[PDB]
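Please read the structure below before turning to the comments.
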Amino acid sequence: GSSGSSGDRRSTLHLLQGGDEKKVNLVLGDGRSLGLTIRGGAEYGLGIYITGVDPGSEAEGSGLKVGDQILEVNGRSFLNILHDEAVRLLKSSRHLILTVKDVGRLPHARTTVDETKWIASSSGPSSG
């Protein structure tokens with residue numbers, strides 16, 4: 001492309017699309033953090049979501065917002081992780097690879113993809 005495009009020539013560069021998963025890799029230094037107000041935990045029995053974003057954090061720049069659901073971090077299952085452990089574990093490791101999913105894109109659909117539009121099998125007659 002020219003200014004970083006994809007559908008300018010035909011596709012530009014390759015990319016895999018398998019699921020609505022998103023790996024957010026962040027690199028911290030000395031005294032850094034994500035600044036994300038996560039909620040839920042194993043103690044209560046709720047997943048690891050986000051309901052707060054710091055104005056100028058590492059998670060904000062990457063593209064993290066409220067509503068997102070953190071699946072795993074640093075190769076660790078964040079499905080049954082304690083609340084205090086999830087808040088500390090995130091502000092402890094250097095390379096934080098938050099793998100969240102797109103929770104909130106489409107309002108409600110069912111059939112928004114079909115080039116052939118329902119195929120037809122089992123045929124014979126072709127006169128009239």
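By convention in this document, the chains of the structure tokens carry letters A, B, ... by their order, each chain's residues are numbered from 1, and ligands are numbered from 1 in the order they are shown.
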
Strand (DSSP E or B) residues, from DSSP on the backbone, in range 69-113 of chain A, as an MDAnalysis selection string: chainID A and resid 69:73 76:77 95:101

Given only C-alpha atoms as the basis, pick out the residue of A:34, A:16, A:86, A:28 nearest to residue 49 in chain A.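 With only C-alpha atoms as the atom set, the closest residue is A:86.
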
Selection near residue 95 in chain A, 9 Å with only C-alpha atoms, sequence-local residues under 6 positions removed, as JSON, numbers by chain: {"A": [25, 26, 27, 28, 74]}

Go through A:79, A:89, A:71, A:66 and flag the residue nearest residue 43 in chain A, using only C-alpha atoms for the distances.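 Distance minimum relative to residue 43 in chain A lands on A:79.
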